[PDB]
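Just the one chain here, laid out as structure tokens, in the form deposited in one PDB entry.
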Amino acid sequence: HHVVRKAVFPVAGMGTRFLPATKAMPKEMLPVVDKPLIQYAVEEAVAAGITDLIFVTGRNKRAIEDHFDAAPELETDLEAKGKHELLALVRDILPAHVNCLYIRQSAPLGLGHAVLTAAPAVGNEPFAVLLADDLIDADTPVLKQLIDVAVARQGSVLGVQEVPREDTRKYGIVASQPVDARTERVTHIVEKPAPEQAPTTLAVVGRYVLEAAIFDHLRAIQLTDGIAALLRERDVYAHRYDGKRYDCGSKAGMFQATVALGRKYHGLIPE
């Protein structure tokens, strides 16, 4: 039976669109108001039952490590000033039920190589993948929505979003047939199809629950290629999750996320 307790977070984003701010920190450490992108994704994963966090690092790996590892000198300067809500902000980033490990990717070779880099830490277990640039604000954690489908259907699950047909050249797009109102069986995947040639308008977003059989298909490359090959052996579903995704891969999308989440969680309003 399916138990998903490990999650892989590629956190070596170069973030060239955000240079020079990403000169000394990876893209996934840039904050939305007061919280790095990667912390939203970690909080989602932990809310969904993940206990083993696997960070795949690159340049400036220290920004990631220093964020999630304990910081005694900080907690010192904080509790000497009797700051309890603030200590909890730092110390309690992770519950004590949760552990992290770090693996350096050999070179920036894309998401399929980042996932394969995590194999020694995953073993022969299904596992999650979360791309922190896809900042999802949802009433129920999206990874949990995906895990629940993966356990019930017994297969890998890709998170998908309905997108305008005119925009399909921006995304990986599934070819799939409905099996219920939100979940589909995937038969093919196509990267950046022309709008009139796209098989659906269901775009892959950066939330995956993958069976460990994927690793052998990544050793045979791109993650979409490894999933395409996985389908020929095992079951792969897509699930149109309930939630609002902010694409923080662009400055525009990162800016709208700051506005929207600044408003909703911080009562910040533009002049």
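Don't overthink the numbering: it's just position in the shown sequence, from 1.
Absent from the display: the form deposited with a small molecule bound. The rest refers to it.
- For the options 114, 198, 150, 186, the one in contact with the small molecule in the deposited complex, meaning a heavy atom within 4.5 Å, is 114.
- Of the residues given (105, 156, 176, 145), 105 alone sits with a heavy atom within 4.5 Å of the small molecule in the deposited complex.
- Among residues of the shown chain, residue 56 is one whose heavy atoms approach the small molecule to within 4.5 Å in the deposited complex.
- Although the partner is absent here, residue 12 is a contact residue: one of its heavy atoms lies within 4.5 angstroms of the small molecule in the deposited complex.
- In the deposited complex, the small molecule lies within 4.5 Å of some heavy atom of residue 109.
- Contact annotation: residue 131 falls within 4.5 Å of the small molecule in the deposited complex, judged by heavy atom distances.
- In plain terms, the part of the chain that comes close to the small molecule in the deposited complex, with a heavy atom within 4.5 Å, is 23-31 out of 211-219, 39-47, 234-242, 23-31.
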